Structures are given as C-alpha cells and as structure tokens.
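A quick write-up on the structure given underneath.
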Amino acid sequence: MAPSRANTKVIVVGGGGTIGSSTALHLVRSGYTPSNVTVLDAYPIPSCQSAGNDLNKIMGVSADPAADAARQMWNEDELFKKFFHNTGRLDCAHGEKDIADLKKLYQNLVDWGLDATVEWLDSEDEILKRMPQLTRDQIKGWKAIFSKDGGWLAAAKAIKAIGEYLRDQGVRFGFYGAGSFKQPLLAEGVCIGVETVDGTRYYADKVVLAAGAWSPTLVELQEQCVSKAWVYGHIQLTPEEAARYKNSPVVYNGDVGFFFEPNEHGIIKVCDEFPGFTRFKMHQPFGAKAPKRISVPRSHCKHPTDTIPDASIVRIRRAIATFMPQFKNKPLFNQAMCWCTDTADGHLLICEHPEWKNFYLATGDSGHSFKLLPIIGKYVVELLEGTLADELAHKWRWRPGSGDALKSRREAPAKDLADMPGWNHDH
Ligand SMILES: Cc1cc2nc3c(=O)[nH]c(=O)nc-3n(C[C@H](O)[C@H](O)[C@H](O)COP(=O)(O)OP(=O)(O)OC[C@H]3O[C@@H](n4cnc5c(N)ncnc54)[C@H](O)[C@@H]3O)c2cc1C
C-alpha cells in the first residue's frame with residue numbers, strides 16, 4: 001500500500017450503475033476515506049441509463065460461487081436484504097432438447113448442493129401447483145424447475161440505497177458534463193486521473209472504468225466486449241387482477257420470455273428472451289488510432305421517444321399470449337431498450353489495463369450481473385489491492401482475440417437496430 005487504504009484516492013467511472021456503485025460501496029466499507037473516493041457518472045445515481053435502474057430484475061439461481069456469495073448478501077446484508085423478494089422462480093421448458101437441457105441443469109444444481117430448495121416438475125399438474133395463475137392449455141408438454149430460493153430484486157431502489165450511504169459517508173460526486181468520462185489522464189505510462197466532457201480534471205491514485213455497455217465506446221477494448229440491447233414493456237392490471245399475482249413466483253421460459261409480479265401500481269413488466277441487438281456507429285474510443293465501427297448504446301434516457309423494434313413487440317405479445325392469455329388485449333406500454341455488454345465467453349472483464357498502469361476495467365457484465373450487485377465491488381477492491389483469488393483473476397483477465405463477442409454464448413450473432421424497424425420515433 002504505497003499510500004495506505006486511508007490515503008488512496010480512487011475514481012469510479014460509472015459509479016451510478018451496478019458494478020460502479022458496488023465498487024464505491026466496498027471501497028467505503030473496506031476503510032478507504034470517503035472523501036478520497038469520487039463517483040463520476042453521466043447521470044445522477046441511480047443513473048437513468050443504468051441497466052440496474054429498473055423496477056425488477058430476476059435472481060438467477062445457478063451453480064456459481066460468486067452468485068452464491070451475492071445470494072447470501074441478498075439474504076443477510078442490512079443494506080441489500082430488504083430489496084430481495086423471495087417469491088421463488090419457475091424455469092420452464094418445452095421440446096425434446098430444451099427439456100434435456102433443463103434436466104441437466106437440474107442435476108447440476110443438485111450436485112452443487114441445492115437439493116433442499118430445487119424441485120423438478122414433471123407435468124402440467126405439478127407446474128400449476130406452483131403457479132396456479134398459468135393456464136393448462138398454454139403449458140402442454142412443459143416441464144419445470146422450481147427454485148424456492150429465487151425471486152426478484154428491487155434494482156433501482158438498491159442502487160439508490162447505495163447512493164444514500166455514499167452521500168452520508170462523504171463520497172464525492174460528479175454528474176452530467178462534470179461526470180461524463182472523456183479520457184484517462186496518462187503521464188509516463190501511468191493513469192493519474194480522468195478528464196470529463198466539460199474539461200473538469202480529477203486526479204487519483206487508481207481509476208476504475210465500470211461504464212457497462214458504454215465501456216467499449218469510452219476506451220479501446222479490442223472487441224472483448226460488444227454492447228447489445230434487450231427489451232421490455234409493461235401491462236396495467238386492475239387492483240383485483242393484480243391481487244391474483246401478489247407474491248407469485250418469477251416465470252421464465254428461455255424460448256418465450258419472462259415476467260414478474262405487479263409492482264405497487266399494478267404493473268407487470270414483460271421481457272423477451274433473444275440474442276440482443278447491436279447499434280453500430282462510427283466512434284473513436286480513447287486509445288483507438290482512428291474511428292471504427294462499434295456497437296454504441298442508443299440510450300432511452302437521452303432519447304425517451306424511442307421504443308423497441310416491431311419484432312420485439314411481436315415476441316412480447318407472444319409471451320403474454322402464453323403466460324397470461326386473459327390479458328392479451330392489454331396495451332403494452334413504456335416499451336424500452338436496456339443495454340449490456342457481452343464478452344465472448346460470457347464471463348466478466350475485471351482486470352488492470354495492460355499498458356495504462358492503475359487504470360482498471362470492471363465490465364463485461366454479459367446480461368447477467370445485476371444479481372452480483374452486493375458482492376461485485378468486493379472483487380474489484382481486491383483487484384486494486386492485488387488480492388483477487390487466482391481463479392477469478394484468470395477468468396476475468398484481459399483477453400482480446402479470445403472469440404467472437406457478437407455471438408458470445410448466445411444462440412446467434414445479435415442483429416443490428418438499423419435493420420430492425422419500429423423503435424426510432426425521431427424527427
Ligand atoms: C432487459 C434486461 C434484463 C435483465 N435481466 C437481468 C436479470 O433478470 N438478472 C440479472 O442478474 N441481470 C439482468 N440484466 C443484466 C444486468 O442488468 C446487467 O448485467 C448489470 O446491471 C450491468 O451492470 P454494469 O455496472 O456493467 O452496467 P450499468 O448498470 O448499466 O452501469 C454503467 C454505468 O456507466 C455509466 N456511464 C456511461 N457512460 C459514461 C460516461 N461517459 N462517463 C461516466 N459514466 C458513464 C452509465 O450511466 C451507467 O450508470 C438485465 C439487463 C437487461 C437489459
């Protein structure tokens with residue numbers, strides 16, 4: 001500790017988002033001086049364009065130690081526990097293949113120690129016992145895994161609760177032109193701070209880039225991360241319709257989509273499941289020699305007249321017709337795109353930059369990292385301090401050329417928004 005923890009200054013770029021807010025939290029909890037920690041975001045915490053700024057996210061149960069460590073904190077941490085809604089989760093499958101995959105997943109969870117809280121549902125009867133709001137006609141031939149531990153996360157409220165703690169402790173903040181990263185400040189091969197769009201300079205000993213889907217746009221990542229959009233929309237229930245779904249399990253079918261119990265206002269959110277969309281644009285990230293075609297997020301917060309593609313509407317209507325056939329005439333409203341960045345292998349990118357000393361990447365969220373909100377900052381702090389477990393250091397390493405992130409671990413290469421009509425309502 002060249003400076004000690006107490007004397008180390010750290011800038012967290014994207015500190016209004018999932019990984020960034022977690023990092024700031026763990027710096028303060030670890031004993032960094034709060035006023036030595038600066039959170040920079042394009043938008044105030046919880047950032048309007050953060051993938052974590054939503055009513056709800058699912059808690060994926062999986063045979064993953066990092067996810068397990070996060071799940072413990074969602075159950076027990078004084079800050080996080082109140083934002084976890086343990087309603088259970090139903091993972092459903094149909095066809096003689098998706099069912100084979102689900103059976104292998106089930107066996108994997110049992111092998112890893114989850115036998116007491118995971119159940120195999122081998123028939124329509126068994127599915128309807130766990131989710132009686134479904135309709136037999138729509139689930140013919142389905143099988144499911146029920147995860148008793150499992151549920152949904154009040155995502156924006158969790159990030160806001162972090163923001164309140166950081167403010168109360170004395171963390172420094174910069175937003176808008178004073179928070180929008182433009183470039184690292186480098187000197188003699190070392191990163192010694194950040195410059196924002198408006199020309200404000202911040203000097204620090206270490207800088208973390210936790211800019212989510214914006215990370216490959218801000219600095220040269222050699223296509224390790226490719227940014228893609230997922231879609232959702234909303235339906236409004238009457239008070240009596242809503243009461244039928246109170247504390248109901250999350251339902252997911254990889255072939256269809258997923259949905260959540262209604263919020264306090266009777267609104268259900270419905271998501272597609274698909275390989276995501278790029279939005280290619282010429283852009284020159286810091287460190288690129290010239291402009292290049294990269295997927296650049298089309299931010300709903302900056303372009304609030306945007307919706308989602310016509311093809312996404314078709315798929316979400318199909319999700320509603322399957323899960324919720326009695327609500328098929330309800331309008332789908334507040335349609336929006338949300339952005340994530342995929343790696344080729346779907347693992348995180350948590351590493352020091354190989355040339356810019358003291359600049360650290362904390363991205364590659366790969367569409368499945370909101371569940372890690374409580375724990376991920378601990379790993380980032382351990383990276384800064386040189387104490388991250390070897391296995392995780394290897395898994396999350398700098399790895400350009402390690403495969404094609406446009407397809408990643410998904411079913412197909414993502415299609416581009418330029419080719420998908422229906423979302424753009426600009427002049
Ligand atoms: C539709 C949808 C459904 C999802 N469902 C789930 C789910 O059920 N379960 C799950 O675990 N995960 C889910 N996710 C994934 C999860 O939301 C993400 O993996 C995670 O939130 C990404 O965290 P992040 O910190 O990398 O990015 P973000 O939370 O998006 O944060 C990045 C931050 O960088 C900031 N930033 C951008 N540009 C700049 C700049 N120039 N300067 C400074 N700051 C900047 C942004 O404003 C933002 O606040 C879902 C995502 C989507 C899109």
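For the structure tokens, the naming scheme is as follows: chains receive sequential letters (A, B, ...) according to their order of presentation, residues are indexed from 1 within each chain, and ligands are indexed from 1 in presentation order.
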
Worksheet item: If you count only C-alpha atoms and all ligand atoms, which residues end up within 6 Å of ligand 1, as a ChimeraX atom specification?
Response: /A:13-14,16-20,40-43,47,49-52,57-59,179-181,210-212,214,229-232,338-340,363,365-371

Given the selection you just returned, output its residues as a file containing C-alpha atoms, formatted as a CSV table (one decimal), in the first residue's frame.
chain,number,residue,atom,x,y,z
A,13,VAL,CA,-16.3,5.9,-13.6
A,14,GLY,CA,-19.9,4.7,-13.9
A,16,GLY,CA,-24.1,5.5,-10.7
A,17,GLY,CA,-24.6,2.0,-12.2
A,18,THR,CA,-24.4,-1.6,-10.9
A,19,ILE,CA,-20.7,-2.5,-10.8
A,20,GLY,CA,-19.6,1.1,-10.1
A,40,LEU,CA,-18.4,10.0,-11.8
A,41,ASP,CA,-21.5,9.2,-13.9
A,42,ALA,CA,-23.1,10.8,-16.9
A,43,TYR,CA,-26.3,10.8,-14.8
A,47,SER,CA,-28.3,6.5,-13.3
A,49,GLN,CA,-29.5,4.8,-18.3
A,50,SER,CA,-28.0,2.1,-15.9
A,51,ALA,CA,-29.2,-1.4,-16.8
A,52,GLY,CA,-29.7,-1.7,-13.0
A,57,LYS,CA,-34.5,-8.0,-12.1
A,58,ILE,CA,-34.7,-11.8,-11.7
A,59,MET,CA,-32.3,-13.6,-9.3
A,179,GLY,CA,-19.3,13.2,-14.6
A,180,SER,CA,-19.2,12.1,-18.3
A,181,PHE,CA,-15.8,10.4,-18.9
A,210,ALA,CA,-17.4,0.5,-14.6
A,211,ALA,CA,-19.3,2.1,-17.5
A,212,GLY,CA,-21.3,-1.0,-18.5
A,214,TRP,CA,-20.5,2.3,-22.6
A,229,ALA,CA,-29.8,-4.2,-26.1
A,230,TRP,CA,-32.6,-6.2,-24.5
A,231,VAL,CA,-36.2,-5.2,-24.5
A,232,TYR,CA,-39.3,-5.0,-22.2
A,338,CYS,CA,-31.8,-1.6,-21.9
A,339,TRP,CA,-28.0,-2.1,-22.6
A,340,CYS,CA,-25.5,-4.7,-21.5
A,363,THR,CA,-17.2,-4.6,-17.1
A,365,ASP,CA,-21.4,-7.9,-17.4
A,366,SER,CA,-22.8,-10.1,-20.2
A,367,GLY,CA,-26.5,-9.6,-19.4
A,368,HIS,CA,-26.5,-11.5,-16.1
A,369,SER,CA,-24.7,-9.4,-13.5
A,370,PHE,CA,-27.4,-7.4,-11.6
A,371,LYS,CA,-27.7,-10.4,-9.2

Practice prompt. Would you please extract all helix (DSSP H, G or I) residues from stretch 79-241 of chain A, as assigned by DSSP on the backbone, and give them as a PyMOL selection string?
Written response: chain A and resi 81-83+98-111+115-117+124-130+136-139+155-169+176-178+212-218+239-241

Practice prompt. Write out as an MDAnalysis selection string all residues of stretch 109-289 of chain A that DSSP puts in strand (DSSP E) for this structure's backbone.
Written response: chainID A and resid 118:121 143:147 151:153 172:175 181:187 190:196 201:203 206:209 226:236 250:253 257:259 267:271 277:278 280:283

Worksheet entry | Interatomic distance (Å, one decimal) between atom CA of residue A:64 and atom CA of residue A:347 | 11.5 Å

Discussion item. Need the shell around stretch 162-166 of chain A: protein/DNA/RNA residues with any atom at most 12 Å away, counting only C-alpha atoms. Skip same-chain ones fewer than 6 positions apart. Format as number ranges by chain?
Written reply: A: 15-29, 32-39, 41, 44-47, 78-80, 83, 155-156, 172-173, 373-374, 377

Could you write out the selected residues, including N, CA, C and O atoms, as a compact mmCIF listing (two decimals), in the first residue's frame?
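What ended up in out-v1.txt:
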# COMPACT_ATOMS: atom_id res chain seq x y z
N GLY A 15 -20.05 5.14 -11.54
CA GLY A 15 -20.41 4.85 -10.16
C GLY A 15 -21.89 5.02 -9.82
O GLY A 15 -22.28 4.65 -8.71
N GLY A 16 -22.69 5.44 -10.80
CA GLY A 16 -24.15 5.48 -10.73
C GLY A 16 -24.86 4.20 -11.18
O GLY A 16 -26.09 4.12 -11.11
N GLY A 17 -24.10 3.19 -11.64
CA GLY A 17 -24.58 1.97 -12.22
C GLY A 17 -24.33 0.81 -11.26
O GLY A 17 -23.90 1.04 -10.13
N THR A 18 -24.41 -0.42 -11.75
CA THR A 18 -24.40 -1.63 -10.94
C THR A 18 -23.03 -1.91 -10.36
O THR A 18 -22.82 -1.88 -9.13
N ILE A 19 -22.08 -2.20 -11.24
CA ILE A 19 -20.72 -2.51 -10.79
C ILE A 19 -20.05 -1.30 -10.12
O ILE A 19 -19.32 -1.51 -9.15
N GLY A 20 -20.23 -0.11 -10.67
CA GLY A 20 -19.64 1.09 -10.13
C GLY A 20 -20.14 1.44 -8.72
O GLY A 20 -19.35 1.72 -7.84
N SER A 21 -21.46 1.31 -8.48
CA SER A 21 -21.99 1.67 -7.17
C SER A 21 -21.49 0.65 -6.14
O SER A 21 -21.09 1.03 -5.01
N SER A 22 -21.44 -0.63 -6.56
CA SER A 22 -20.96 -1.72 -5.69
C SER A 22 -19.51 -1.47 -5.29
O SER A 22 -19.08 -1.67 -4.15
N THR A 23 -18.68 -1.13 -6.29
CA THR A 23 -17.29 -0.80 -6.05
C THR A 23 -17.16 0.35 -5.02
O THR A 23 -16.33 0.26 -4.09
N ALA A 24 -17.85 1.49 -5.23
CA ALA A 24 -17.80 2.63 -4.31
C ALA A 24 -18.19 2.16 -2.89
O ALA A 24 -17.51 2.45 -1.90
N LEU A 25 -19.26 1.36 -2.79
CA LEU A 25 -19.74 0.84 -1.52
C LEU A 25 -18.63 0.06 -0.81
O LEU A 25 -18.32 0.32 0.36
N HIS A 26 -17.97 -0.85 -1.54
CA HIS A 26 -16.96 -1.70 -0.95
C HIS A 26 -15.67 -0.94 -0.64
O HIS A 26 -14.95 -1.30 0.30
N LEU A 27 -15.33 0.10 -1.42
CA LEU A 27 -14.22 0.96 -1.03
C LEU A 27 -14.45 1.60 0.36
O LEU A 27 -13.58 1.51 1.20
N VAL A 28 -15.66 2.12 0.60
CA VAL A 28 -16.02 2.79 1.84
C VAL A 28 -16.06 1.76 2.97
O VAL A 28 -15.39 1.98 4.01
N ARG A 29 -16.64 0.58 2.71
CA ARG A 29 -16.75 -0.47 3.73
C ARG A 29 -15.37 -1.03 4.10
O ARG A 29 -15.18 -1.51 5.23
N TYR A 32 -11.33 2.76 2.88
CA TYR A 32 -10.91 3.95 2.16
C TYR A 32 -11.62 5.15 2.78
O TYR A 32 -12.76 5.07 3.23
N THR A 33 -10.93 6.30 2.78
CA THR A 33 -11.51 7.53 3.25
C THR A 33 -12.60 7.98 2.28
O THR A 33 -12.33 8.18 1.09
N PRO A 34 -13.87 8.16 2.72
CA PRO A 34 -14.95 8.53 1.79
C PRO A 34 -14.63 9.72 0.88
O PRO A 34 -14.91 9.64 -0.33
N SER A 35 -14.04 10.81 1.42
CA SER A 35 -13.74 11.99 0.60
C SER A 35 -12.60 11.76 -0.41
O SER A 35 -12.35 12.64 -1.26
N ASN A 36 -11.87 10.62 -0.28
CA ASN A 36 -10.87 10.19 -1.27
C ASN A 36 -11.50 9.36 -2.41
O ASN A 36 -10.81 9.03 -3.37
N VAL A 37 -12.79 9.09 -2.33
CA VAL A 37 -13.49 8.31 -3.35
C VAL A 37 -14.38 9.28 -4.13
O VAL A 37 -15.20 9.99 -3.53
N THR A 38 -14.19 9.33 -5.46
CA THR A 38 -15.02 10.15 -6.33
C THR A 38 -15.80 9.26 -7.30
O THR A 38 -15.22 8.46 -8.02
N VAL A 39 -17.11 9.42 -7.29
CA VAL A 39 -18.04 8.72 -8.20
C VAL A 39 -18.40 9.68 -9.34
O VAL A 39 -18.93 10.78 -9.08
N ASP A 41 -20.51 9.86 -13.02
CA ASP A 41 -21.49 9.23 -13.89
C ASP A 41 -22.06 10.30 -14.81
O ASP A 41 -22.11 11.49 -14.45
N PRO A 44 -27.01 11.27 -12.50
CA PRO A 44 -27.08 11.02 -11.06
C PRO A 44 -27.52 9.62 -10.66
O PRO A 44 -28.46 9.08 -11.25
N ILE A 45 -26.85 9.10 -9.62
CA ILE A 45 -27.15 7.80 -9.03
C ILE A 45 -28.60 7.79 -8.52
O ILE A 45 -29.02 8.76 -7.89
N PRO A 46 -29.43 6.73 -8.76
CA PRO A 46 -29.17 5.65 -9.74
C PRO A 46 -29.31 6.15 -11.18
O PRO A 46 -30.32 6.74 -11.58
N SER A 47 -28.26 5.95 -12.00
CA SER A 47 -28.25 6.52 -13.33
C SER A 47 -29.48 6.09 -14.13
O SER A 47 -29.85 4.89 -14.19
N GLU A 78 -27.58 -5.93 5.68
CA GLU A 78 -28.51 -4.94 6.21
C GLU A 78 -28.98 -4.01 5.08
O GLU A 78 -30.13 -3.57 5.05
N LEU A 79 -28.07 -3.67 4.15
CA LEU A 79 -28.49 -2.82 3.05
C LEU A 79 -29.31 -3.62 2.03
O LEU A 79 -30.41 -3.23 1.67
N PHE A 80 -28.79 -4.74 1.52
CA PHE A 80 -29.37 -5.39 0.36
C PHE A 80 -30.63 -6.21 0.66
O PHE A 80 -31.47 -6.36 -0.24
N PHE A 83 -34.28 -5.52 -0.38
CA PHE A 83 -34.65 -5.31 -1.78
C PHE A 83 -34.79 -6.65 -2.52
O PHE A 83 -35.09 -6.69 -3.69
N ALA A 155 -34.27 -3.29 -8.13
CA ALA A 155 -32.94 -2.96 -8.60
C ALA A 155 -32.59 -1.47 -8.41
O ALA A 155 -31.56 -1.11 -7.82
N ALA A 156 -33.46 -0.57 -8.87
CA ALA A 156 -33.20 0.87 -8.75
C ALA A 156 -33.16 1.28 -7.29
O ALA A 156 -32.36 2.14 -6.91
N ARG A 172 -17.34 11.86 -2.79
CA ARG A 172 -17.51 12.96 -3.74
C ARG A 172 -18.21 12.49 -5.01
O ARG A 172 -18.08 11.33 -5.38
N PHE A 173 -18.95 13.38 -5.67
CA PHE A 173 -19.74 13.03 -6.86
C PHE A 173 -19.53 14.06 -7.96
O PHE A 173 -19.41 15.27 -7.70
N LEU A 373 -24.81 -7.48 -7.69
CA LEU A 373 -24.66 -6.15 -7.14
C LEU A 373 -24.03 -6.17 -5.73
O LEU A 373 -23.15 -5.37 -5.39
N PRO A 374 -24.49 -7.01 -4.77
CA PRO A 374 -23.91 -6.89 -3.43
C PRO A 374 -22.43 -7.23 -3.29
O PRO A 374 -21.79 -6.69 -2.39
N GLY A 377 -18.33 -5.41 -6.11
CA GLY A 377 -17.39 -4.40 -5.69
C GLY A 377 -16.29 -4.96 -4.79
O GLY A 377 -15.18 -4.42 -4.74
